[PDB]
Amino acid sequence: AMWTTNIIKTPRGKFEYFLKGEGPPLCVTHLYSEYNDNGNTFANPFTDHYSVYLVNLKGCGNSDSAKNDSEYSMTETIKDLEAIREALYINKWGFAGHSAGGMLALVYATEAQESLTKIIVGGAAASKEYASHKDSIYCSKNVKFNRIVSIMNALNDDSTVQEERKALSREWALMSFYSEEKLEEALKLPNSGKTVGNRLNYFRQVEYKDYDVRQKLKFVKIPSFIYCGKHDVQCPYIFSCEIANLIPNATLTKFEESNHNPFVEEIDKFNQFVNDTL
């Protein structure tokens, strides 16, 4: 039940990834996070039914670093994932992503759906318009906006002192969980996925302003399993509704007692969700 550490060489570079589980192949990654062999709490439930490939992207963990900023783009990321898939001699696999990882899932589908058995898309949006919605913490109309800007800026500073980083991370987590009890319990689970500054900066400064796949989603024909916490304050629930409506063969699963982290906030229901993607 341990995550295996792997290094794979491809024509597009060397990548570190972690394997756990038996069953159909499922790729899991995030747009700006790095993992270790503790695995990840979003990826872990899938290991009950899938062979899960938890990938460190360019600039993450022990994968190769980027020689140019363009290597961080979602398009280039998909090309990297496709090279990994090919190097594993896998014809088709699933892709599962949460939040920014969910946006990456949508781009995988629009660029290369023929390589995908399905997508699983959590707490995401089909365009940049989530950050202009008054129910998002990223929107200036939202009461939390000013505080969140301050927190994000401080967390993105490598000079921020340990005690301050600890406090800010706690504050962020509490905003991101419906139940304080569920947060405390989630912290006992093995986890990894530290923010990668290079990749976050690229998303915020370059990728975000051009992000919109709404029209292309109408031509995504693969099984698409969309989910979101009812109380998510990052990409509000309506944006998952939009995704599920636009994709012809999509389903939508609502997590009524979850904010941003249904996979640990409603473990039993999330397990049922995983089973239902098969």
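One-based numbering along the sequence shown.
- Mean C-alpha B-factor is higher over 156-164 than over the other stretch, the pair under comparison being 105-113 and 156-164.
- The stretch with the higher mean CA B factor, choosing between 13-21 and 255-263, is 255-263.
- For the set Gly229, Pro248, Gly59, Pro45, the PDB entry assigns the largest Cα B-factor to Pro248.
- The top Cα temperature factor in the record, among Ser73, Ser99, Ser127, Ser140, falls on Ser140.
- Among the modelled residues of the chain, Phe177 sits in the middle third by CA temperature factor in this PDB entry.
- Compared with the other modelled residues of the chain, the Cα B-factor recorded for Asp80 ranks in the lowest third.
- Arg214 sits in the lowest third of its chain by CA B factor, as recorded in the PDB entry.
- Sort the modelled residues of the chain by CA B factor and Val196 lands in the middle third.
- Among the modelled residues of the chain, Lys144 sits in the highest third by CA temperature factor in this PDB entry.
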